[PDB]
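In: make a model of this:
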Amino acid sequence: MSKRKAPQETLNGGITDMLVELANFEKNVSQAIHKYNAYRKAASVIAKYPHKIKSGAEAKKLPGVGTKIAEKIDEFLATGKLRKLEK
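Out: Residues are numbered from 1 along each chain as shown. Below is the structure in question.
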């Protein structure tokens with residue numbers, strides 16, 4: 001908790017963070033469910049990934065992420081279409 005100085009609104013991706021979080025549920029998600037392992041396998045191909053996408057095409061390329069987990073990958077990456085101040 002509190003290592004040096006984390007951003008206030010995260011950077012952009014945040015894929016392996018919200019994916020590993022669902023597996024860390026330790027309450028609503030048991031420790032051996034099918035949907036439970038859906039975020040663990042997808043989190044292995046996402047966290048290794050650059051874990052930062054503007055759309056949901058990168059998750060489709062990952063064979064691990066796509067079986068009902070790709071929807072969550074867009075939940076965090078859905079508000080990543082903000083403008084960057086033109087001119």
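In: mind checking the longest helix of the chain?
Out: Counting residues, the longest helix in the chain under DSSP state H turns out to be helix 34-47.
In: any idea how far it is from the chain center?
Out: Chain-centre distance of helix 34-47: 10 Å, with Cα atoms, centre = their mean, to the nearest Å.
In: mind listing what the residue most central in space within the chain touches?
Out: The centroid of the chain falls nearest to residue 15 when counting by Cα atoms, centre = their mean (2.1 Å). With contacts defined as Cβ atoms under 8 Å, 6 or more residues apart in numbering, residue 15 is in contact with 46-47, 49, 51-53, 59, 73, 76-77. Just so you know, the C-beta spots here come from the backbone N, C-alpha and C atoms, and that holds for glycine as well.
In: try residue 48
Out: Counting by Cβ under 8 Å, 6+ apart, residue 48 has no contacts.
In: separation between it and residue 72?
Out: 17 Å (Cβ to Cβ, to the nearest Å).
In: mind listing the helices for this protein?
Out: Along the chain, counting by DSSP H, helices occupy 15-23, 34-47, 57-61, 70-76.
In: CA atoms only for the first one, dumped as CSV, please.
Out: As requested, the backbone C-alpha atoms of helix 15-23 are provided in CSV (Å, rounded to 0.1, in the frame of the first residue of the first chain):
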residue,chain,number,x,y,z
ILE,A,15,-6.5,-4.2,-17.9
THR,A,16,-4.5,-6.6,-15.8
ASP,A,17,-5.5,-4.5,-12.7
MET,A,18,-9.3,-4.9,-13.0
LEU,A,19,-8.9,-8.5,-14.3
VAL,A,20,-6.8,-9.6,-11.4
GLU,A,21,-9.2,-7.7,-9.1
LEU,A,22,-12.2,-9.9,-10.1
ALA,A,23,-10.1,-13.0,-9.2
